[PDB]
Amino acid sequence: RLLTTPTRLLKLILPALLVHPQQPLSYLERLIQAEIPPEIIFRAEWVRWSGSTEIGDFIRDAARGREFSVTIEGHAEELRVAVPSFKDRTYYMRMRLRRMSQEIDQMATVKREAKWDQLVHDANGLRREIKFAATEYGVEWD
């Protein structure tokens, strides 16, 4: 019920929330407590997790059990939240890489189909001979 986002945030959905993976779980508790009448505890594997641990590191280890618990001081039924797989966390990221990589090959492929390295070698090399003659004749050149 927690989704990776195009940016580096995380969307959470349960009986809609935003968090940063570098925020501590205390922030999650703060947001959750604001939508309810209140201690929020996080178990995952099983073991509870300190509210001073980063959410990023938390759902990381939670991938072992594919999900994690949320229990509330008062209510009796616990809440379970599925954690993103690695691929789930890296979808938009690996996508951006795939596209940038392809963007590069196009850029490089153009450079090749234009003989751009010989063009630079030819140009730079002959600008050298031109500059060199100017020094030989005792003149200046653009």
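The first residue of the shown sequence is 1; numbering continues from there.
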item	value
Continuity check for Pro37 and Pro38, given as deposited residues lacking coordinates between them	10 or more
Missing residues, deposited sequence, between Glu45 and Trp46 (class: none, 1 to 3, 4 to 9, 10 or more)	10 or more
Entry-level comparison of average CA B-factors, 6-14 and 20-28, reporting the higher stretch	6-14
Greater mean Cα temperature factor according to the PDB record, 65-73 or 87-95	65-73
From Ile55, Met107, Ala82, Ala114, residue of greatest CA B-factor	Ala82
Relative C-alpha B-factor of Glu140, binned into the chain's lowest, middle or highest third	middle
